[PDB]
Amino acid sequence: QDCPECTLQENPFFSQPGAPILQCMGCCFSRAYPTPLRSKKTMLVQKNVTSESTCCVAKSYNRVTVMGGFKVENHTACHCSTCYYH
């Protein structure tokens, strides 16, 4: 419970009566360790450390139109995958 597992939660700022709007948020495993040799080689741009990032992201979404006249993503499933930013 220290770090709740990544899941859907109703997003208050965009949710509306009868028609919510879920969002993925939560925790995911990650770590960092000394870069092994085989990679430090293929690494023309040499880096001494390695981190294996894994943020919470929607596995699927609808993308609806809401109040403000704009369109938001309405997540339906979630999982800890790669960090692509927004």
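Counting begins at 1, following the sequence as shown.
For the pair 62-70 and 7-15, the mean Cα B-factor is higher in 62-70. Judged by mean Cα B factor in the deposited record, 19-27 ranks above the other of 19-27 and 73-81. Compared with the other modelled residues of the chain, the Cα B-factor recorded for residue 49 ranks in the highest third. The PDB entry assigns residue 32 a C-alpha temperature factor belonging to the middle third of its chain's modelled residues. The PDB entry assigns residue 43 a C-alpha temperature factor belonging to the highest third of its chain's modelled residues.
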